[PDB]
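Encoded as structure tokens, the structure appears first; notes follow it.
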Amino acid sequence: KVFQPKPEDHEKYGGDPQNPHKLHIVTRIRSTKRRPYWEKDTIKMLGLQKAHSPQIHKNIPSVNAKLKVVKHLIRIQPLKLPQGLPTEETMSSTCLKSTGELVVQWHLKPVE
Amino acid sequence: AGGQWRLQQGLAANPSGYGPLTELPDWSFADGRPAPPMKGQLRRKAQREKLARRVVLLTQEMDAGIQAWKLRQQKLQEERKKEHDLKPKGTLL
Amino acid sequence: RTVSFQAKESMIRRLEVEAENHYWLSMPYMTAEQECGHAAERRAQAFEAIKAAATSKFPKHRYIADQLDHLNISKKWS
Amino acid sequence: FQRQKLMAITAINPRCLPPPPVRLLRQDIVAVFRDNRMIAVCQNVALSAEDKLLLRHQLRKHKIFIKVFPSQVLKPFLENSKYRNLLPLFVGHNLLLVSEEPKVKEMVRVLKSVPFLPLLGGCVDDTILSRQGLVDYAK
RNA sequence: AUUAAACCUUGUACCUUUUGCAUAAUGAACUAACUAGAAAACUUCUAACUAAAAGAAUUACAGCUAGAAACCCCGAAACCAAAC
RNA sequence: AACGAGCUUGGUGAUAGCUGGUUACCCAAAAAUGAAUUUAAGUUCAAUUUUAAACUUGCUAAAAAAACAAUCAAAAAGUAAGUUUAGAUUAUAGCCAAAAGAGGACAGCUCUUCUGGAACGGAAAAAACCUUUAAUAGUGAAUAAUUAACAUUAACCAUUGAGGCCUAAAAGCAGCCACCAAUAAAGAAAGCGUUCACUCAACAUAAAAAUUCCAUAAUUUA
RNA sequence: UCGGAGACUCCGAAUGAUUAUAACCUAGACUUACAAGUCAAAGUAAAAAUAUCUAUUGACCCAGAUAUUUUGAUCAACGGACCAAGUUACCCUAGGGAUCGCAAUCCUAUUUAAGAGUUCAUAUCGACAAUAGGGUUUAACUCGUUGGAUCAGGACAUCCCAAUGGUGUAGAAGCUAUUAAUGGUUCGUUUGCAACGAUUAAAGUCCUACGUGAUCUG
Ligand SMILES: [Mg+2]
Ligand SMILES: [Mg+2]
Ligand SMILES: [Mg+2]
Ligand SMILES: [Mg+2]
Ligand SMILES: [Mg+2]
Ligand SMILES: [Mg+2]
Ligand SMILES: [Mg+2]
Ligand SMILES: [Mg+2]
Ligand SMILES: [Mg+2]
Ligand SMILES: [Mg+2]
Ligand SMILES: [Mg+2]
Ligand SMILES: [Mg+2]
Ligand SMILES: [Mg+2]
Ligand SMILES: [Mg+2]
Ligand SMILES: [Mg+2]
Ligand SMILES: [Mg+2]
């Protein structure tokens, strides 16, 4: 029941129950120390060794099951692509915002 | 100091994150010749580039997965509807 | 002991972060069936690389030049 | 300690708000007025219960009754009746000297039995009058 | 650290030892000199020749020969022999 | 000049499961459970650990279905380890917190099982609780735990036929049985009064432990 | 030592009876440190397939037996030295240490009161209960620093002095209570501490590792 969303929940987080996002941005916010051995393994299986380092993962049921076990130790933010997926040409100009948007052009200039 | 505010603006909570302050070159030559890229930035670019490639790979795999699922439901759908031979009845078949 | 005010605020914030994590994990992009077999090819290739490393252990080549190079320690000016 | 930490974590007063928004006795007051032609209003002198009875009983021998009613329930009929000037009189403990004959002089004489008790006024022969007028009519 | 030796800030001797803790318990006044890991059956590594290896006797259904590579110190109460 | 059995030399470098000690740097990995033992101050084996080699599936997860929250486990997926062979030890007393049984279908206490820890930061105390992926130079920066807590009562009025009865005779009444009558409203009364014969209830009623305390201080600037 | 049952409390054994008598060989497994102990297809052979329950242990060495097959342990300290008891305050060395449950009656205390009761400075007690205590029956056969002297520090839960309330306080003795730690708080006899005799305004109760043995002593 915890993972069954409510209509008010969608409004607060601004996520549609349909057209779900594909990729999770997962970061480790707390320590694995003092946690049961099984929780330690899941973190290393998911690659969340260094805290405050975002990792890209699939939003699929198998990944979700592991992500739920370490639900309390991480922050999940849906990846967003305002300008679309990066291409070969723009792969070297990518930059991830704190908002969760992977822009394909990084100029370091005023937006104007 | 003031880290939550920087997030609302869309910036990096730490001022030493992604921004012109860090990523831009620290110096140039007097003539204007650009200086060799700073070692820190080269490492930072690789992580984003490596992260970018993972994003592309994962999406392609997920997209192709469901397509195969479509093919399965079709080939199976046509297989179920089938007939052959003949169907007499009564006292002889 | 009395529970501090700042402590209550800190945990409440942590509760909100985890509570949202429930929401983002409630929208699976692919169902169980659609997942099967989608990543089979990549996984098989990864294991093959692991096997190749394990079965490639063997001593290294030895060269006459390396051993004869020790004589260079006695190089001199004529 | 975290266990204790979790436990702690887990508009207009109705005062200032404006507040939302005898019948048997009524007949008794009507009954005395209908039955007794004259009603004399005298202040209740807080006489002893035994002494109060004998005065009522002694008047009962003279076929004269004593009637008393709370003032607040007595205001409505006195406001709209033949007797309307007794409203200021009917404040505090009071008694009524009620009879069937205009024995105004004898009423004072029975009142004179206890000198301390005064007479405030009332009506005699259905005519409302003050004590000063009553004495003149008593003659 | 500092302009400044001391003032200001930080800081529960060492070893052994107890459980992976000591404000314990052992040992040390200090200096100089002296004062405690040693063997090649099996294994690994390196070469010579190779159904053969070894400078006599040994081993062998890829072996055999050679090299290198290993296992401390101090201290009883006592026991026996023979003198004194 | 210390006799439960002299002293000197030799055996003798007696022996000690016991006490003490065991001298340069650097990198790396790394645990007090089961069994037997004149065994419990020891040793040996299993299990664990480790160096190398061989080649291939391993860990988490593991739907249905069994045997009943576990014993088992298939496609998957997240991910890189697991098995076999050769060599080798030390170790075999834990410590504290938090869970669950089980001893008297108890708490505790003694055990047994699972989980976690071993700061330079925080909690008057502070190896064990909470925050903390290794270690490096910088007069950079964002942060975690935490820096205690502001949480209901009143002054008012009180009516006979003396109900008879063993207590002369018992008035609301010493007393015992009846326990009533009128009354706006009264219990043969709550106490009292009375050998019989002041008032509460009613009616009417304004209200309700031992040397010497122990940071200093501070109620409002968003 | 082994095993059965219960969740440590109980039961048994170093097996006996019944057995028209139970072969050999050999895939795969259980159990397990090792050693020991379990089940078994196929093949083959006797005969016309599994002895019957309940459950039952002992190694190596070494001695016995036979015409090639077998037997030897309260080795029960039950992984078993072929065969050895006391005693030490006359002692010694190497070290390690320390220096709650139920029941079964019976007493009691408070609240119950079934009852009786009661009779001019004249009365209650109390069945039965409930609850707090103390015993008893109910489940194997002895015990674990300290007086005194000197000097005292502090606590107050006050023994005396001081200041007061109430009183079933007439006066005089008291009793009950509160506040207060200010100074004081005895000398001996019997002598192992317990009594005792005389006094005092009183002869306080306790803490300070017997308070205090590098101050002394039993
Ligand atoms: Mg010394
Ligand atoms: Mg020695
Ligand atoms: Mg264990
Ligand atoms: Mg022993
Ligand atoms: Mg031993
Ligand atoms: Mg065996
Ligand atoms: Mg067979
Ligand atoms: Mg034995
Ligand atoms: Mg034994
Ligand atoms: Mg055994
Ligand atoms: Mg003696
Ligand atoms: Mg003697
Ligand atoms: Mg003193
Ligand atoms: Mg006091
Ligand atoms: Mg004396
Ligand atoms: Mg001393």
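Identifiers for the structure tokens are assigned positionally: chains receive A, B, ... in sequence, residues are indexed from 1 per chain, and ligands are indexed from 1 in the order shown.
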Can you tell me which residues come within 12 Å of ligand 12 when counting only C-alpha atoms (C1' of nucleotides) and all ligand atoms, ideally as a PyMOL selection string?
(chain F and resi 4) or (chain G and resi 88-91)
Could you pull out the residues in chain A that DSSP calls strand (DSSP E) from the backbone, as a PyMOL selection string?
chain A and resi 23-28+55-58+74-78+95-96+102-103
Now that the selection is made, can you save its residues with C-alpha atoms as a PDB file, in the first residue's frame?
```
ATOM      1  CA  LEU A  23      15.857   6.653 -15.701  1.00  0.00           C
ATOM      2  CA  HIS A  24      16.402   7.274 -11.989  1.00  0.00           C
ATOM      3  CA  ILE A  25      19.025   9.608 -10.556  1.00  0.00           C
ATOM      4  CA  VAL A  26      20.066   7.898  -7.315  1.00  0.00           C
ATOM      5  CA  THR A  27      22.467   9.352  -4.746  1.00  0.00           C
ATOM      6  CA  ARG A  28      23.564   8.035  -1.357  1.00  0.00           C
ATOM      7  CA  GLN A  55      24.267   7.251 -10.794  1.00  0.00           C
ATOM      8  CA  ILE A  56      21.915   6.465 -13.680  1.00  0.00           C
ATOM      9  CA  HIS A  57      19.751   3.361 -13.282  1.00  0.00           C
ATOM     10  CA  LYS A  58      16.784   1.732 -14.989  1.00  0.00           C
ATOM     11  CA  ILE A  74      19.335   7.314  -0.813  1.00  0.00           C
ATOM     12  CA  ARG A  75      17.482  10.065  -2.665  1.00  0.00           C
ATOM     13  CA  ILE A  76      15.687   9.215  -5.922  1.00  0.00           C
ATOM     14  CA  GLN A  77      15.117  12.001  -8.451  1.00  0.00           C
ATOM     15  CA  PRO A  78      13.643  11.317 -11.919  1.00  0.00           C
ATOM     16  CA  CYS A  95      25.875  18.613 -17.968  1.00  0.00           C
ATOM     17  CA  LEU A  96      23.518  17.454 -15.215  1.00  0.00           C
ATOM     18  CA  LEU A 102      20.580  16.567 -18.468  1.00  0.00           C
ATOM     19  CA  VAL A 103      21.174  19.435 -20.891  1.00  0.00           C
TER      20      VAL A 103
END
```
Pick out the residues sitting within 8 Å of region 211-218 of chain G, and hand them over as a PDB file with N, CA, C and O atoms (P, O5', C5', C4', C3', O3' and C1' of nucleotides), in the first residue's frame; count only C-alpha atoms (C1' of nucleotides), and ignore anything fewer than 3 positions along from it in its own chain.
```pdb
ATOM      1  P     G G 147      34.052  -2.026  65.282  1.00  0.00           P
ATOM      2  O5'   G G 147      34.248  -1.599  66.801  1.00  0.00           O
ATOM      3  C5'   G G 147      35.535  -1.268  67.294  1.00  0.00           C
ATOM      4  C4'   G G 147      35.743  -1.775  68.697  1.00  0.00           C
ATOM      5  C3'   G G 147      36.323  -0.766  69.681  1.00  0.00           C
ATOM      6  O3'   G G 147      35.345   0.065  70.274  1.00  0.00           O
ATOM      7  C1'   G G 147      37.626  -2.712  69.737  1.00  0.00           C
ATOM      8  P     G G 148      35.471   1.659  70.142  1.00  0.00           P
ATOM      9  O5'   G G 148      36.737   2.020  71.039  1.00  0.00           O
ATOM     10  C5'   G G 148      36.776   1.662  72.412  1.00  0.00           C
ATOM     11  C4'   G G 148      38.185   1.646  72.953  1.00  0.00           C
ATOM     12  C3'   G G 148      38.959   2.953  72.882  1.00  0.00           C
ATOM     13  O3'   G G 148      38.604   3.880  73.893  1.00  0.00           O
ATOM     14  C1'   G G 148      40.335   1.196  72.138  1.00  0.00           C
ATOM     15  P     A G 149      38.471   5.444  73.539  1.00  0.00           P
ATOM     16  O5'   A G 149      39.975   5.965  73.457  1.00  0.00           O
ATOM     17  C5'   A G 149      40.857   5.810  74.558  1.00  0.00           C
ATOM     18  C4'   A G 149      42.289   6.119  74.189  1.00  0.00           C
ATOM     19  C3'   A G 149      42.546   7.466  73.534  1.00  0.00           C
ATOM     20  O3'   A G 149      42.564   8.543  74.453  1.00  0.00           O
ATOM     21  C1'   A G 149      43.742   5.785  72.386  1.00  0.00           C
ATOM     22  P     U G 150      41.857   9.932  74.069  1.00  0.00           P
ATOM     23  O5'   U G 150      42.781  10.533  72.919  1.00  0.00           O
ATOM     24  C5'   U G 150      44.109  10.953  73.193  1.00  0.00           C
ATOM     25  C4'   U G 150      44.801  11.449  71.948  1.00  0.00           C
ATOM     26  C3'   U G 150      44.037  12.467  71.117  1.00  0.00           C
ATOM     27  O3'   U G 150      44.141  13.788  71.621  1.00  0.00           O
ATOM     28  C1'   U G 150      44.874  10.781  69.701  1.00  0.00           C
ATOM     29  P     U G 208      31.311   5.540  55.076  1.00  0.00           P
ATOM     30  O5'   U G 208      32.291   6.774  55.306  1.00  0.00           O
ATOM     31  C5'   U G 208      32.547   7.708  54.268  1.00  0.00           C
ATOM     32  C4'   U G 208      33.547   8.750  54.697  1.00  0.00           C
ATOM     33  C3'   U G 208      34.896   8.221  55.154  1.00  0.00           C
ATOM     34  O3'   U G 208      35.766   7.933  54.075  1.00  0.00           O
ATOM     35  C1'   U G 208      34.102   9.817  56.711  1.00  0.00           C
TER      36        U G 208
END
```
Produce as a ChimeraX atom specification the set of residues near ligand 14, where near means within 7 Å with only C-alpha atoms (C1' of nucleotides) and all ligand atoms considered.
/G:156,179-180
How would the residues just picked look written out with N, CA and C atoms (P, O5', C5', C4', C3', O3' and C1' of nucleotides) as a PDB file, in the first residue's frame?
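Okay, out00.pdb is ready:
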```pdb
ATOM      1  P     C G 156      21.847  18.758  56.227  1.00  0.00           P
ATOM      2  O5'   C G 156      20.766  18.023  57.134  1.00  0.00           O
ATOM      3  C5'   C G 156      20.080  16.869  56.659  1.00  0.00           C
ATOM      4  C4'   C G 156      19.309  16.192  57.763  1.00  0.00           C
ATOM      5  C3'   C G 156      18.368  17.104  58.549  1.00  0.00           C
ATOM      6  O3'   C G 156      17.193  16.388  58.926  1.00  0.00           O
ATOM      7  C1'   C G 156      19.959  16.154  60.016  1.00  0.00           C
ATOM      8  P     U G 179       9.937  20.647  59.283  1.00  0.00           P
ATOM      9  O5'   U G 179      10.569  22.025  59.769  1.00  0.00           O
ATOM     10  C5'   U G 179      10.062  23.263  59.292  1.00  0.00           C
ATOM     11  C4'   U G 179      10.718  24.434  59.977  1.00  0.00           C
ATOM     12  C3'   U G 179      12.213  24.315  60.213  1.00  0.00           C
ATOM     13  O3'   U G 179      12.969  24.611  59.052  1.00  0.00           O
ATOM     14  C1'   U G 179      11.148  25.149  62.164  1.00  0.00           C
ATOM     15  P     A G 180      14.348  23.840  58.766  1.00  0.00           P
ATOM     16  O5'   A G 180      15.319  24.371  59.908  1.00  0.00           O
ATOM     17  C5'   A G 180      15.656  25.747  59.996  1.00  0.00           C
ATOM     18  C4'   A G 180      16.428  26.036  61.257  1.00  0.00           C
ATOM     19  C3'   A G 180      17.644  25.156  61.494  1.00  0.00           C
ATOM     20  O3'   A G 180      18.787  25.602  60.784  1.00  0.00           O
ATOM     21  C1'   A G 180      16.344  25.251  63.465  1.00  0.00           C
TER      22        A G 180
END
```
Residues within 12 Å of ligand 10 should be enumerated using only C-alpha atoms (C1' of nucleotides) and all ligand atoms and returned as a ChimeraX atom specification.
/F:35-37 /G:1-2,32-37,57-58,78-79
Write as a PyMOL selection string the residues around ligand 5, taking 9 Å as the cut-off and counting only C-alpha atoms (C1' of nucleotides) and all ligand atoms.
chain F and resi 17+39-43
Export, as a PDB file, in the first residue's frame, the selected residues with N, CA, C and O atoms (P, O5', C5', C4', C3', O3' and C1' of nucleotides).
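What landed in part11.pdb:
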```pdb
ATOM      1  P     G F  17      56.185 -25.682  28.631  1.00  0.00           P
ATOM      2  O5'   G F  17      54.673 -25.193  28.703  1.00  0.00           O
ATOM      3  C5'   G F  17      53.941 -24.858  27.532  1.00  0.00           C
ATOM      4  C4'   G F  17      52.454 -24.989  27.756  1.00  0.00           C
ATOM      5  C3'   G F  17      51.982 -24.638  29.169  1.00  0.00           C
ATOM      6  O3'   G F  17      50.784 -23.867  29.118  1.00  0.00           O
ATOM      7  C1'   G F  17      51.258 -26.817  28.593  1.00  0.00           C
ATOM      8  P     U F  39      45.671 -33.227  30.229  1.00  0.00           P
ATOM      9  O5'   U F  39      44.393 -33.147  29.286  1.00  0.00           O
ATOM     10  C5'   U F  39      44.373 -32.319  28.135  1.00  0.00           C
ATOM     11  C4'   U F  39      43.019 -31.685  27.953  1.00  0.00           C
ATOM     12  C3'   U F  39      42.607 -30.691  29.025  1.00  0.00           C
ATOM     13  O3'   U F  39      43.152 -29.401  28.799  1.00  0.00           O
ATOM     14  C1'   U F  39      40.816 -32.184  28.565  1.00  0.00           C
ATOM     15  P     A F  40      43.900 -28.598  29.973  1.00  0.00           P
ATOM     16  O5'   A F  40      42.886 -27.430  30.346  1.00  0.00           O
ATOM     17  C5'   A F  40      42.462 -26.490  29.369  1.00  0.00           C
ATOM     18  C4'   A F  40      41.068 -25.989  29.654  1.00  0.00           C
ATOM     19  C3'   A F  40      40.751 -25.690  31.111  1.00  0.00           C
ATOM     20  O3'   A F  40      41.202 -24.407  31.510  1.00  0.00           O
ATOM     21  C1'   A F  40      38.972 -26.922  30.120  1.00  0.00           C
ATOM     22  P     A F  41      42.354 -24.234  32.619  1.00  0.00           P
ATOM     23  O5'   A F  41      43.554 -23.574  31.805  1.00  0.00           O
ATOM     24  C5'   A F  41      43.300 -22.555  30.844  1.00  0.00           C
ATOM     25  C4'   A F  41      44.569 -21.891  30.365  1.00  0.00           C
ATOM     26  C3'   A F  41      45.569 -22.813  29.666  1.00  0.00           C
ATOM     27  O3'   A F  41      46.205 -22.118  28.594  1.00  0.00           O
ATOM     28  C1'   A F  41      46.603 -21.785  31.526  1.00  0.00           C
ATOM     29  P     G F  42      45.765 -22.385  27.071  1.00  0.00           P
ATOM     30  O5'   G F  42      46.507 -23.738  26.679  1.00  0.00           O
ATOM     31  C5'   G F  42      47.895 -23.751  26.379  1.00  0.00           C
ATOM     32  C4'   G F  42      48.391 -25.154  26.137  1.00  0.00           C
ATOM     33  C3'   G F  42      48.229 -25.694  24.725  1.00  0.00           C
ATOM     34  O3'   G F  42      49.229 -25.256  23.823  1.00  0.00           O
ATOM     35  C1'   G F  42      47.429 -27.289  26.243  1.00  0.00           C
ATOM     36  P     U F  43      48.833 -24.852  22.320  1.00  0.00           P
ATOM     37  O5'   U F  43      48.565 -26.243  21.590  1.00  0.00           O
ATOM     38  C5'   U F  43      49.629 -27.130  21.276  1.00  0.00           C
ATOM     39  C4'   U F  43      49.155 -28.563  21.198  1.00  0.00           C
ATOM     40  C3'   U F  43      48.487 -28.983  19.897  1.00  0.00           C
ATOM     41  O3'   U F  43      49.412 -29.305  18.876  1.00  0.00           O
ATOM     42  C1'   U F  43      47.183 -29.718  21.722  1.00  0.00           C
TER      43        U F  43
END
```
Long-range neighbours of region 48-53 of chain D as number ranges by chain, 10 Å cut-off, only C-alpha atoms (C1' of nucleotides), 3 positions minimum in chain
D: 44-45, 56-60, 66; F: 157-159
List every residue of region 4-90 of chain A that DSSP, applied to the backbone of this structure, assigns to helix (DSSP H, G or I), and report them as a VMD selection string.
chain A and resid 7 to 13 37 to 45 61 to 69 71 to 73
Compile the contact shell of residue 46 (chain B) as a ChimeraX atom specification: residues with an atom at most 12 Å away, counting only C-alpha atoms (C1' of nucleotides), same-chain residues fewer than 6 positions apart removed.
/A:91-95 /B:39-40,52-53
Per-residue nearest contacts of chain E to ligand 2 (12 Å; only C-alpha atoms (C1' of nucleotides) and all ligand atoms) as a tab-separated table:
```
residue	atom	partner	partner_atom_place_in_ligand_line	distance
E:36	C1'	ligand 2	1 (Mg)	12.0
E:72	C1'	ligand 2	1 (Mg)	10.7
E:73	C1'	ligand 2	1 (Mg)	8.2
E:74	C1'	ligand 2	1 (Mg)	7.1
E:75	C1'	ligand 2	1 (Mg)	7.3
E:76	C1'	ligand 2	1 (Mg)	10.4
```
Selection above as a file: N, CA and C atoms (P, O5', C5', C4', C3', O3' and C1' of nucleotides), as a PDB file, in the first residue's frame:
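So the final result, stored in out.pdb, reads:
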```
ATOM      1  P     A E  36      71.834 -12.151  20.713  1.00  0.00           P
ATOM      2  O5'   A E  36      70.417 -12.845  20.509  1.00  0.00           O
ATOM      3  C5'   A E  36      70.293 -14.250  20.357  1.00  0.00           C
ATOM      4  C4'   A E  36      68.852 -14.677  20.457  1.00  0.00           C
ATOM      5  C3'   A E  36      67.928 -14.117  19.384  1.00  0.00           C
ATOM      6  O3'   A E  36      67.891 -14.948  18.239  1.00  0.00           O
ATOM      7  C1'   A E  36      67.006 -13.700  21.523  1.00  0.00           C
ATOM      8  P     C E  72      64.154 -22.701  16.057  1.00  0.00           P
ATOM      9  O5'   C E  72      65.136 -21.642  16.732  1.00  0.00           O
ATOM     10  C5'   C E  72      65.186 -21.479  18.143  1.00  0.00           C
ATOM     11  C4'   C E  72      65.654 -20.096  18.522  1.00  0.00           C
ATOM     12  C3'   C E  72      65.985 -19.879  19.989  1.00  0.00           C
ATOM     13  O3'   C E  72      67.269 -20.351  20.344  1.00  0.00           O
ATOM     14  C1'   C E  72      64.649 -18.096  19.218  1.00  0.00           C
ATOM     15  P     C E  73      67.573 -20.774  21.860  1.00  0.00           P
ATOM     16  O5'   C E  73      67.414 -19.417  22.677  1.00  0.00           O
ATOM     17  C5'   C E  73      68.415 -18.414  22.617  1.00  0.00           C
ATOM     18  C4'   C E  73      68.119 -17.273  23.555  1.00  0.00           C
ATOM     19  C3'   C E  73      67.980 -17.629  25.022  1.00  0.00           C
ATOM     20  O3'   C E  73      69.220 -17.852  25.670  1.00  0.00           O
ATOM     21  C1'   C E  73      66.238 -16.170  24.410  1.00  0.00           C
ATOM     22  P     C E  74      69.366 -19.042  26.740  1.00  0.00           P
ATOM     23  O5'   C E  74      69.108 -18.332  28.143  1.00  0.00           O
ATOM     24  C5'   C E  74      69.386 -16.951  28.330  1.00  0.00           C
ATOM     25  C4'   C E  74      68.574 -16.357  29.452  1.00  0.00           C
ATOM     26  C3'   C E  74      68.180 -17.293  30.577  1.00  0.00           C
ATOM     27  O3'   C E  74      69.239 -17.588  31.466  1.00  0.00           O
ATOM     28  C1'   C E  74      66.326 -15.974  29.980  1.00  0.00           C
ATOM     29  P     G E  75      69.246 -18.979  32.269  1.00  0.00           P
ATOM     30  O5'   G E  75      68.009 -18.853  33.256  1.00  0.00           O
ATOM     31  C5'   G E  75      68.050 -17.959  34.354  1.00  0.00           C
ATOM     32  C4'   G E  75      66.771 -17.997  35.144  1.00  0.00           C
ATOM     33  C3'   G E  75      66.371 -19.352  35.690  1.00  0.00           C
ATOM     34  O3'   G E  75      67.081 -19.694  36.865  1.00  0.00           O
ATOM     35  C1'   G E  75      64.491 -18.300  34.715  1.00  0.00           C
ATOM     36  P     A E  76      67.659 -21.178  37.061  1.00  0.00           P
ATOM     37  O5'   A E  76      66.381 -22.021  37.493  1.00  0.00           O
ATOM     38  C5'   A E  76      66.305 -22.631  38.770  1.00  0.00           C
ATOM     39  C4'   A E  76      64.982 -22.356  39.437  1.00  0.00           C
ATOM     40  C3'   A E  76      64.615 -23.297  40.572  1.00  0.00           C
ATOM     41  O3'   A E  76      65.211 -22.902  41.796  1.00  0.00           O
ATOM     42  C1'   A E  76      62.754 -23.000  39.119  1.00  0.00           C
TER      43        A E  76
END
```
Return the neighbours of chain C among the residues of chain F, cut-off 7 Å, counting only C-alpha atoms (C1' of nucleotides), as a list in words.
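Here they are: residues 55, 76, 148 and 149 of chain F.
Residue list for chain B within 8 Å of chain F: residues 1, 3, 13, 14, 15 and 16 of chain B, counting only C-alpha atoms (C1' of nucleotides).
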Distance filter 8 Å, only C-alpha atoms, chain B against chain C, as a PyMOL selection string
chain B and resi 61-62+64-66+68-69
Using only C-alpha atoms, please write the residues we just selected to a file, as a PDB file, in the first residue's frame.
```pdb
ATOM      1  CA  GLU B  61      18.091  -1.364 -24.178  1.00  0.00           C
ATOM      2  CA  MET B  62      14.785  -0.532 -22.482  1.00  0.00           C
ATOM      3  CA  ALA B  64      14.267  -2.479 -27.620  1.00  0.00           C
ATOM      4  CA  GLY B  65      13.026  -4.704 -24.800  1.00  0.00           C
ATOM      5  CA  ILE B  66       9.383  -3.701 -25.144  1.00  0.00           C
ATOM      6  CA  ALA B  68      10.532  -7.569 -28.639  1.00  0.00           C
ATOM      7  CA  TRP B  69       7.609  -7.923 -26.228  1.00  0.00           C
TER       8      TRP B  69
END
```
Taking into account only C-alpha atoms, which residue in the set A:112, A:89, A:9, A:41 is nearest to chain C?
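Of A:112, A:89, A:9, A:41, the one nearest chain C, counting only C-alpha atoms, is A:9.
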Considering only C-alpha atoms (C1' of nucleotides), return as a ChimeraX atom specification whatever protein or nucleic-acid residues lie within 12 Å of residue 29 (chain G), sequence-local ones (same chain, fewer than 2 positions apart) excluded.
/G:27,31,38-41
Tell me which protein, DNA and RNA residues are within 10 Å of region 40-53 of chain E, counting only C-alpha atoms (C1' of nucleotides), leaving out same-chain ones fewer than 5 positions away, and put them as a PyMOL selection string.
(chain E and resi 59-60+62-70) or (chain F and resi 51-52+86-88)
Distance of CA of residue 38 (chain D) from CA of residue 86 (chain D), expressed in Å to one decimal place
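CA of residue 38 (chain D) lies 12.8 Å from CA of residue 86 (chain D).
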Which residues are near ligand 13 - at most 10 Å, using only C-alpha atoms (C1' of nucleotides) and all ligand atoms? Format: as an MDAnalysis selection string.
chainID G and resid 151:154
Between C1' of residue 54 (chain G) and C1' of residue 13 (chain G) - distance in Å to one decimal:
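Answer for the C1' of residue 13 (chain G) to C1' of residue 54 (chain G) separation: 12.0 Å.
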List all protein, DNA and RNA residues that have at least one atom no more than 12 Å from any atom of ligand 7, counting only C-alpha atoms (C1' of nucleotides) and all ligand atoms, and write them as a VMD selection string.
chain G and resid 24 to 27 40 to 44 49
